[PDB]
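Asks: Quick one: the structure is below, and I'll ask about it shortly.
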Amino acid sequence: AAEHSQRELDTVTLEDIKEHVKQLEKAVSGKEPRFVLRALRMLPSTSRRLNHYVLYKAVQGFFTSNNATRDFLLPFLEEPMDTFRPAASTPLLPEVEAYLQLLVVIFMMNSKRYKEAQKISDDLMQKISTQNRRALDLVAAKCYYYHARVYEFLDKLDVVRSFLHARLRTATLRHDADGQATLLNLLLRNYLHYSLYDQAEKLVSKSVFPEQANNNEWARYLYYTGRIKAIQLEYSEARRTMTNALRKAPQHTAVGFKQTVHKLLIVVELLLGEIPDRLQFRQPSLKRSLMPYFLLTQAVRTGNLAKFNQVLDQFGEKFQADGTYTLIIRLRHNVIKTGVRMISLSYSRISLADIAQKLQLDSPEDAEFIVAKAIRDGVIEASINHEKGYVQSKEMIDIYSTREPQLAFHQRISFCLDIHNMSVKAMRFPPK
Amino acid sequence: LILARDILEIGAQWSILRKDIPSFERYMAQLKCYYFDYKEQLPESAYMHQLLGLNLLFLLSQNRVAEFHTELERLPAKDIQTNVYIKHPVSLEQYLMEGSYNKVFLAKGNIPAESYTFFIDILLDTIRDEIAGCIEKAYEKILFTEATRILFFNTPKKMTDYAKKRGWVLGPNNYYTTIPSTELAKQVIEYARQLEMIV
Amino acid sequence: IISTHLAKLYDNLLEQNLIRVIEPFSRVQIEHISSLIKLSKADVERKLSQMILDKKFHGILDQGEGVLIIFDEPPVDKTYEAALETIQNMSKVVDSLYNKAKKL
Amino acid sequence: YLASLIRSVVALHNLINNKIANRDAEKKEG
Amino acid sequence: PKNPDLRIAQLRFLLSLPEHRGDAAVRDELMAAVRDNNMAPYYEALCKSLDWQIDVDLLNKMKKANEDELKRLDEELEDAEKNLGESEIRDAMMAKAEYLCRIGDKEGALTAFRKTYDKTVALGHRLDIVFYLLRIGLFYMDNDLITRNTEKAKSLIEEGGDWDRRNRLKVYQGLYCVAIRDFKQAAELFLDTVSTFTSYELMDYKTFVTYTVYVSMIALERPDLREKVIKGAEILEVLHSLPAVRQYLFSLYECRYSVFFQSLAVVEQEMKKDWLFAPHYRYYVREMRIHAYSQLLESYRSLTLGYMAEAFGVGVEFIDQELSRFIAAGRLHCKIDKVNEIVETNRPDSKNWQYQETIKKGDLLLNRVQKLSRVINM
Amino acid sequence: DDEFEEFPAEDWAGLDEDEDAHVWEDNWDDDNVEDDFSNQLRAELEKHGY
Amino acid sequence: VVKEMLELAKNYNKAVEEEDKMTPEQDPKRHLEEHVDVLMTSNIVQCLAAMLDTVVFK
């Protein structure tokens, strides 16, 4: 029973592998890029099954020209005892062999086998460093990604910094797009994993992210640069970038990525004085994970110092587990700024003594200093009057008849005309 | 490596002792190159955290809060609230962040070591000039006496000299649009272009 | 059935008087209009507030200085009422395209 | 805005039809 | 069948400040208990209140005797004969709701009703189980069953006869309430039905009219609610029967805020003891407050806080705090001034609000179109 | 589609019982504390005559 | 023209919904495109002429 169903699943997975190989072969036909991402898109689906039988069948099936590069995976490859070339000795395309080696890499990655995984990944990316074909650039992106992933659970992410830097440059000269973006994101993750935020920031300023990058890669890059600018006091742009990242993240999957981005967005918005909307704290897939961040947010809204301290004491482990402890401390000292933002949002004119009384600041001069500091930033638009005690807010002129809507709607033109231009450029009529 | 680390530590402490800023940066920079990454073999130095907090306070001194927080990220989280040597500069940074300047002035005397006063003084000046900047970007017309009181310029002549130091001036009574049609015409013509000229 | 009808008639007459007065004025003390209409200041203020709220007479009431202001609302807005709706309309269109995207 | 959005959405829809029709022809090539 | 909420919400689930834990309501529940003897309300009564008193089993003895006798009678009438469709089997399950629902539980009754539904053809049985278990899941906090049954009735069952489901919006009084559903829909079907009630099983007419008024004046503040809830005939008649509700409604409509707040406090308190208590009494009294504040702020440009306090009940400082809290929440467009003691309204004109809505909706559409464009053509 | 395994897919413990599992989209203002209404009103006007 | 374009957009949405449940087998789109083109040309011309007038005549 189980053996029969397992065999059918293995056969259908092998058929999908055959189809992917044929698609990669067709990609070089016509001398055009793409048609490889079609095979690479179902990569998680194929990766899910990856039985030993199907992997061995594929290895024996597409490698009629036996060389040593396969004679390394064979020692770890286990064949069925009692239990197909799709068919001459035509030499293998580099993309095809890279693909099959990549699924080997993924299987050995899944089964917690890491050291020989490091070896096979090393032998995989050693060869592709010699090629100069754009068809092998799309596959190279995933190759590097799972190479870094292999080195991650091997706890040697620091070693690969040189290799990723070299491949990133190589992609930069060859005007690579997918490989360049994947390498840049891997480099950013490497820098962050060892808290080298200054190095990551310096790298970001000197490297331009390709606009034609994939949605997932764009989201990852946005999250990484948002974390950079958030731990680098550029809170407003960090929040903007994090929201942009959440927009481009996959909707169905990517639970962990969305959880991390939501946690950081909560902390950044709280630091900015704004209040995150309660809606995100309610989705199932996000609720419990954000539960520690929820009890925190309430305190920020109330300014209850004791509640903040208790939440920190009972959830510091979780906060450090996702690396939000330091930002949370900065928030613990910016709760007052949040309160001042709320006060100035509600009131138009208000005496400083009222500020001190409402915020429990225990001093009118201290409230004066705090509101002056907050209004120095873009936190509050006001105009303090020390002669009397006002915190008079700026007059709200009619935004219409003010050239501001013209500017916004001009940006929206630029965007929509740009979208139309790319859409009409990417029509790609066929030859026959 | 241990002896090189000792050399650089003595160099940095001499640099602060010399009372010179630019050399101090280079000495601590090389020491950071020798401090805490990939080393894993050097014994825990007794001067580790003293100079770590030294560097943090220095970064605070010249308005380098971003670098201050990055270097905070570099060092372990356990010592941030435990080691006094870095507890101090972090504390003044937080008080500066809130705006409790008087708290910073009070805590200027709570240094964990004598090898802190050097840029403690320049940070006491930095908070005052930041106060002045936030004041000018906050108030409308602040009277001279209040500025003298809250700028911590105890000597009124000192306050006046600092007023002359900045373009922010005393004033007489001691109380310190058009339709462009050019660029947006270009924008409209750009829209016209993007409509025409084929794909 | 005669008290109710007469009270309704009195309110109708009060509204008709109040619109047949203040028509000259663009910003008038409620005290002056109370004097002109021979009613209490609080009573006429309540009636004015109710009339504004029911949108039976355009204007606003600045209680801070005890004044009543009169103006009109521009009817140029109509194009946005189309514009906005069209946007939501094509929102649906985009949604449909997403389904076709699921085809590909 | 309005006109652009409409024009942009129409162009995007025209791209969907092409990106579908092309893969239809390619799959038929089968 | 089981009308008076079985007194169980007001029973010992309203302790502390409401304090309702023992009174004549416990007597009413116990008389509803002893007649058609039941042990199902005795689950929690076997745990916390009257846990192991003499009566707890002194009633259980002949209760079990009676229920065993009647279940035996039903089983004999079910096995001896072979009655089809709406039959003695449906009688067994309707009793089983009059029973084990009020003996132990709904689970057996839910199963039996499912079986007879597979056996029956007509539709009132399905509505019967809908309301049976809506009230049971108001006893035991069930909503998924209610919405499943409602979908079954409305989408599929309501293709023969009609005129029945409307009042089963009572769940919609408490489904999406604290944002959109304590009102809007819950009022547009209460209003659509108030003329033709014909559902006295769930609630008496007076209670239905009070619910209708409560949800309508939060659904509709002054968007010509008068055309349906003030000029309304039957609502006006029952309001003639109910002075408190009529005063509470007309005080808001006639801008008599000083008494409107006292009516709202009475409504809050009498609402804190209901099937409607636990869901949204806090929410309703916040929304009505915001509604009255926006009604007063409208038709004004700048209001002295003193005028508000004297005309809106009391509490210059109370009103200041409330306005601060409500502006901080983004509702109640107005800006509050301190010791000058002015409140300025900043409601944008039609053009500015139109522009802001254009920006918002267009940003939504542009993000959608950007995502769509980028996932296509890679 | 990437599953973003580089970020650990934070497991929601053991899908433990939530607060309400209700359908009840609420706001930030529903979590504060309140003390009825009438008490407030009398408590703030008997100082002036109620 | 914007009202006509709204009606055309409703028709376009209705027609596109049919596109899904329809294999390869007046267009509310072509009319939509024509209205869009006339709107953009008219308003672009009017804007540009207006502002050229603002800035050439003092």
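From first to last, the protein sequence lines stand for chains A, B, C, D, E, F and G. Take the first sequence: its letters are residues 59 to 141, 147 to 149, 154 to 499, numbered as in the UniProt record's numbering. Take the second sequence: its letters are residues 141 to 316, 328 to 350, numbered as in the UniProt record's numbering. Per the UniProt record's numbering, numbering of the third sequence is gapless, rising by one per residue and ending at 421. Per the UniProt record's numbering, numbering of the fourth sequence is gapless, rising by one per residue and ending at 290. Per the UniProt record's numbering, numbering of the fifth sequence is gapless, rising by one per residue and ending at 389. Per the UniProt record's numbering, numbering of the sixth sequence is gapless, rising by one per residue and ending at 65. Take the seventh sequence: its letters are residues 244 to 268, 278 to 310, numbered as in the UniProt record's numbering. C-beta atoms are modelled at their ideal positions from N, C-alpha and C, and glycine is treated no differently.
Strictly under 7 Å for the Cβ-Cβ distance: is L30(F) near chain E by that measure?
Replies: Judged by the 7 Å Cβ criterion, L30(F) is not in contact with chain E.
Asks: In this structure, does DSSP put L212(B) in helix, strand or coil?
Replies: Three-state DSSP puts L212(B) in a helix.
Asks: Taking buried to mean at least 16 other C-beta atoms within 10 Å of its own C-beta, is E384(A) buried or exposed?
Replies: Exposed.
Asks: Starting from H31(E), follow its DSSP beta bridges and name the residues at the other end.
Replies: In DSSP, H31(E) forms a bridge with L25(E).
Asks: Terminal residues of the continuous alpha helix (DSSP H) containing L346(A)?
Replies: Per DSSP, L346(A) belongs to no alpha helix (DSSP H) and is neither H nor E.
Asks: Judging by CA-CA distance, which residue of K218(B), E149(B) and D177(B) is the nearest neighbour of residue 319(B)?
Replies: A gap in chain B, from 316 straight to 328, means residue 319(B) has no coordinates in the model shown.
Asks: Quick check on DSSP: helix, strand or coil for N452(A)?
Replies: Strand.
Asks: So what's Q181(B) in DSSP terms, helix, strand or just coil?
Replies: In the structure shown, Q181(B) sits in coil (DSSP, three-state: anything other than H, G, I, E or B).
Asks: Indicate whether at least one CB of chain D lies closer than 7 Å to the CB of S384(E).
Replies: With 7 Å as the cut-off, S384(E) counts as an interface residue toward chain D.
Asks: By DSSP, does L314(E) sit in helix, in strand, or in coil?
Replies: Note: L314(E) maps to strand in three-state DSSP.
Asks: Given a cut-off of 7 Å on the beta-carbon distance, is the pair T292(A) and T308(A) in contact?
Replies: Yes. Within cutoff.
Asks: Thinking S450(A) and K461(A) are a contact (beta carbons under 8 Å), I'd like their distance in whole angstroms, please.
Replies: Yes, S450(A) and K461(A) are in contact; Cβ-Cβ is about 7 Å, under 8 Å.
Asks: Can you confirm whether residue 303(D), when its beta carbon is compared against all beta carbons of chain G, has any partner nearer than 7 Å?
Replies: With chain D represented from 261 up to 290, any question about residue 303(D) goes unanswered, as that position is not in the structure.
Asks: Tell me, which residues are paired with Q346(C) by DSSP?
Replies: Looking at the DSSP assignment, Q346(C) forms a beta bridge with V384(C).
Asks: Taking its Cβ as the centre, do 16 or more other Cβ atoms sit within 10 Å of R192(E), making it buried, or is it exposed?
Replies: Flag for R192(E) reads buried.
Asks: Given that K279(D) touches chain E, what residues does it touch there, using C-beta distances under 7 Å?
Replies: What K279(D) touches in chain E: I387 and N388.
Asks: According to DSSP, is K385(A) part of a helix, a strand, or is it coil?
Replies: Of the three classes helix, strand and coil, the one that applies to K385(A) here is helix, per DSSP.
Asks: In angstroms, rounded to a whole number, what distance separates the CA positions of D222(A) and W154(B)?
Replies: Each residue's alpha carbon lies about 39 Å from the other.
Asks: Write down the C-beta distance between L134(E) and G172(E) rounded to the nearest angstrom, noting that I regard them as a contact closer than 8 Å.
Replies: Confirmed, Cβ separation roughly 6 Å.
Asks: Give a yes or no on whether the C-beta atoms belonging to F293(B) and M299(B) are separated by under 7 Å.
Replies: Against a cut-off of 7 Å, the Cβ pair of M299(B) and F293(B) comes out as a contact.
Asks: List the whole-angstrom C-beta distance separating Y360(A) from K325(A), where the pair is believed to meet the contact cut-off of C-beta under 8 Å.
Replies: Actually they do not touch by this definition, with Cβ atoms about 13 Å apart.
Asks: Residue range of the alpha helix (DSSP H) that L95(E) falls in?
Replies: Segment: none, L95(E) is in no alpha helix (DSSP H) and carries neither H nor E.
Asks: Just to make sure I have the definition right: I need the residues of chain D whose C-beta is within less than 8 Å of the C-beta of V410(C). Which are they?
Replies: The contacting residues are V269 and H273.
Asks: Excluding the five sequence neighbours on either side, which residues of its own chain have a C-beta within less than 8 Å of the C-beta of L95(E), listed in chain order?
Replies: Excluding positions up to five away in sequence, the list reads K130.
Asks: For chain B, check one thing: does any of its Cβ atoms lie closer than 7 Å to the Cβ of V259(G)?
Replies: Not an interface residue.
Asks: Just reading off the beta strand (DSSP E) that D379(C) is part of, what are its end residues?
Replies: It spans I377 to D379 - the beta strand (DSSP E) in which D379(C) sits, taken as one unbroken run.
Asks: Given that a residue counts as buried once 16 or more other Cβ atoms are within 10 Å of its Cβ, and exposed if not, what is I65(E)?
Replies: That one is exposed.
Asks: Just verifying my parser: in three-state terms, what is the DSSP assignment at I347(E)?
Replies: In the structure shown, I347(E) sits in a strand (DSSP, three-state: E or B).
Asks: Does any residue of chain D bring its CB to less than 7 Å from the CB of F324(A)?
Replies: Closer than 7 Å: no.
Asks: Counting contacts by CB-CB distance shorter than 7 Å, is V288(G) in contact with chain C?
Replies: Judged by the 7 Å Cβ criterion, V288(G) is not in contact with chain C.
Asks: Mind pulling the chain D residues with CB within less than 8 Å of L300(G)?
Replies: Under the 8 Å cutoff, chain D gives no residues; its nearest Cβ is about 15 Å from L300(G).
Asks: So, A286(A) versus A305(A), is the Cβ gap smaller than 7 Å?
Replies: Their beta carbons are not under 7 Å apart, which means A286(A) does not touch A305(A) by this criterion.
Asks: According to the neighbour-count rule (16 or more other Cβ atoms, all chains shown, within 10 Å of its Cβ), is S87(A) buried or exposed?
Replies: Answer is exposed; the Cβ neighbour count stays below 16.
Asks: In chain A, what lies closer than 7 Å to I282(B) by C-beta?
Replies: Within 7 Å Cβ-Cβ: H453.
Asks: At what residues does the alpha helix (DSSP H) containing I353(E) begin and finish?
Replies: Unbroken run through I353(E) is the beta strand (DSSP E), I353 to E355; no alpha helix (DSSP H).
Asks: Considering only C-alpha positions, which residue in the set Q190(B), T333(B) and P216(B) is nearest to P229(B)?
Replies: Out of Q190(B), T333(B) and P216(B), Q190(B) has the C-alpha closest to the C-alpha of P229(B).
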